[PDB]
């Protein structure tokens, strides 16, 4: 292995192993609200997470992921810019070394303290491995975190982090309801983009919610107590695990709202 978020293996280095990290449809991007255009063709997002089945949470050395049972048409995303149905497979966050940075997307260059990614794959490709290779293979729902009042539905995630502090540690994480991580409004921006980590595959329809969720400083401070390293190795706090904005190139960001 090799890539990370360090000075010598970070975002500026990724293209050497993964040439598409310098591609035409890379994420994240800065969402320029001048540029972004209202598109009445877009429909309401449909987020159906009632039957979502979480399984476990894992520190993989880059972030922590909550994994779902994507076996049945349980938790699905559809509508908006999407054709057909996309199944929730995992979520994770990117966050900073302090509250003024951490998000991957930015809005008129404004950074948030963190960004949540709910990752879904297009059922027409049968499984995630096949889907990730296609231009319309994934849908990622991105949600900004700003520091304020606490988010009750995040508390179960924050409280489990102490038990998966180092790379490779996992914990059971059943009956977690990701609907508790959503803001009131589903107003969104959408554009075609990529995974924001290697292999940087250009397989993602990005749906970035205009409304952030508020989380408390205590909650986000718990993110920063995780470690990039494995147990018994020298301590490297897991912070600033975000990729900065990439060139928009020949893409238009559409808004679902006026």
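Residue numbers count along the first chain shown, from 1.
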For the C-alpha atoms alone, is the average B factor greater in 172-180 or in 90-98, going by the entry?
172-180
So, looking at the entry's B-factor column for Cα atoms, which has the higher mean, 159-167 or 140-148?
159-167
Have a look at 133, 123, 106, 185 and flag the one whose Cα has the highest B-factor in the entry.
133
Specify which of 193, 212, 44, 198 carries the largest Cα B factor in the deposited PDB entry.
44
Sort the modelled residues of this chain by their C-alpha B factor and say whether residue 68 lands in the lowest, middle or highest third.
middle
What third of its chain, lowest, middle or highest, does the C-alpha temperature factor of residue 230 fall into?
highest
Quick check on the deposited entry: does the C-alpha B-factor of residue 241 sit in the lowest, middle or highest third of its chain?
lowest
Where does residue 50 sit by CA temperature factor within its chain: lowest, middle or highest third?
highest
When the deposited Cα B-factors of this chain's modelled residues are ordered and cut into thirds, is residue 61 in the lowest, the middle or the highest one?
middle
